[PDB]
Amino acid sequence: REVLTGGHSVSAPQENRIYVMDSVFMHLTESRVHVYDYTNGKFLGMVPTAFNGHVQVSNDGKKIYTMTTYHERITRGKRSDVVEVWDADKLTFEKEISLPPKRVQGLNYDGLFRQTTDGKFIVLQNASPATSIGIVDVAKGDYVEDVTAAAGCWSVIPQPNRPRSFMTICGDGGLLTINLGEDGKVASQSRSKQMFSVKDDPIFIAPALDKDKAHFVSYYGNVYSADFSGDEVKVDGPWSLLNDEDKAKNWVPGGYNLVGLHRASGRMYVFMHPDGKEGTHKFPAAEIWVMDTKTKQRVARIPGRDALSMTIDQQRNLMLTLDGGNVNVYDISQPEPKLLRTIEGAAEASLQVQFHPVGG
């Protein structure tokens, strides 16, 4: 005889796992995270995330965090905005953390749902539509701070060289840095000088994030940087991604989570398309460009496979790209990315894929 059993853990090691956040925009109340093995394309499991879920994996690899909204009767009744903590290996629900009813409802940019480098606090974007940043203490299972200093700013860029620090992009074209105390309350803050012109050269919010600096690309193909090796962030730019030939064909960036940095080499990866003009900033990639951030010059270009979003794994030297439904796995140990495989039908409507963390 056979017996059906539950209680099982994911069949593949953590190090093989990726997380495809499927918004299922056509039926956005049944968004979910699909868990895949990037080495062979196998579907490993999933986590339901109700209306417009967001997802991240804990820095220690042990837990999955989701953020979502419920109502008592879905389309009517009382609203509950929550963070949920799930076990990463069992893909089971463990804890709900109550949020104020203003968590960001929107497309899955990384910077809307992040955590401190030390993993002790979840850092999330609120919009009521007034903006602020919310802080959740994971251990306590509590919402502990509301950073109103961040009004008029958007998205969270953690600083990997500090335990509980992050930046946000503000309407003045500068960056606000927030350093949290060990209680999750703001311990200090600082504001940079203006980095970019909001009106003349808007940047994409997606950072190409190094340990001690972040690069940003603009609608017009320029690059800006924020160096946070010290307590005060130093900002610079623009330099152009484009040479004269590139300019002749109106190449510009486009996508959502559209950039990545390979920290060991300084290579930055950007989705690009020709015939850029007003309104093309979210167009699929015609190409992926590989930029040497030290020399400020392109080193390679490859077909983009209509990708919109990417993510990088530092330790295995991989880049994933995602066109909404399919995930492409690339080896980036050398300057030219090599396509290893495509996982077809990984999602119906995903703009975000993430690796399971292995760094700790």
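We number the residues from 1 along the sequence you see.
According to the PDB record, 225 to 233 carries the higher mean C-alpha B-factor of the two stretches 79 to 87 and 225 to 233. Remark: stretch with higher mean C-alpha B factor among 276 to 284 and 244 to 252 is 244 to 252. When the C-alpha B-factors of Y109, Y143, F166, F204 are read from the PDB record, the largest value belongs to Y143. Of the candidates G134, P158, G174, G260, it is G174 whose Cα B-factor is highest according to the PDB record. For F196, the recorded CA temperature factor ranks within the highest third of the chain's modelled residues.
Per the deposited record, the Cα B-factor of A151 falls in the highest third when ranked against the other modelled residues of its chain. The PDB entry assigns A347 a C-alpha temperature factor belonging to the middle third of its chain's modelled residues. Among all modelled residues in its chain, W239 ranks in the highest third by Cα B-factor.
In this PDB entry, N59 carries a Cα temperature factor that places it within the middle third of its chain's modelled residues.
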